[PDB]
């Protein structure tokens, strides 16, 4: 497994022990062979669980999610998938790791796809080994994989709005339920309906994940309402999963705007990971999985794969060479390697718009490639009338850094900057020059 030119997919079923049992064994062997090694966690929550499974082993934790006093003699580094890709893009030298281990390797965020592309290219080149740990590798067609204990799978209509009748089975349950919804806004409506019925609800999404996930351990709850982020190794002490089987798909239209299409079917990999939250305890058979739609290959033409290509085109590999996407996920985007390669100054602006600006990859690229500098926010106000961002059914407004009240009307419209109240609040701060 650990020899150069080898990429291994460790595809044991969800809950088979890849992280707590296999990962420590791989790490001890890597340390024995003096292999400079990187371990990639999808989230800060998974990073903290990894420190528990690897306690006593000399591992350098490159995350503030763990409070450890490093010895300085570690040859194994652990960081998030996003941190690995970010450090590659920044001028900082990243060691050329002999062994690259990615946990929850199915993660489809642009930075995780870019990390797989870079690592798999180094393996193809004969320069490194890699291990991708996931029950659901790219292109998997099985939404019902094995589990630690039998699961009751039931196809049923699942509410996507508040309801007054017709879904008694949802509230009649006396255990704990994890409910996957297509968006933060959809979860808000379902959570309000459940709270009005006397239920204790926790809501999870990308921006609130670490903070809110702690509540699943610190307090008694009846329902967790979550977006697709809980497919990335989040573990719950639950006996039921309710799965809408739906998600939002970012789509670039005519190369000039990004919309959030759908809700539409999830992939088989996503469905298998949502279901995989339960059936994990061999002593508790009969956990339930209620699903409300079919699966489809909705990663085809999904913006994240084009965004992954924008990131990889701006990462140095060797001379003018550019890393390809990991082969099983390379047909998801029709893109020419190198088409998004930016010159030195525009590349620095592109990195800063993502790192400090917190903009989506696609939007950061449109701004940097137009020759606009990081602090120049005139583009947030000079788009066409159809690009007006709305808040409470009225045009959103901000005070510019000049002290003028203007309507938010970006030159390039990316639906992700206003997908929920939290995102639009962050984008207003950016348009005003506050970061």
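Residue numbers count along the first chain shown, from 1.
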Inset, instruction - Averaging the C-alpha B factors as listed in the entry, name the stretch that ends up higher: 104-112 or 327-335. - result: 327-335
Legend entry - Per the entry, higher mean C-alpha B factor between 64-72 and 379-387: 64-72
Inset, instruction - Could you say which of 157, 352, 288, 124 has its CA atom at the highest B factor, as listed in the PDB entry? - result: 124
Legend entry - Candidate set 165, 83, 120, 270 [ranked by C-alpha B-factor, highest]: 165
Inset, instruction - For residue 237, return the chain-relative third of its C-alpha B-factor as stated in the PDB record: lowest, middle or highest. - result: highest
Inset, instruction - Could you look up the Cα B-factor of residue 428 in the entry and say which third of the chain it sits in: lowest, middle or highest? - result: lowest
Inset, instruction - Rank-wise, by C-alpha B-factor, drop residue 362 into the lowest, middle or highest third of its chain. - result: lowest
Legend entry - residue 153 - which third its CA temperature factor falls in, relative to the rest of the chain: middle
Legend entry - Ranked C-alpha temperature factor of residue 178 among modelled chain residues, by third: lowest
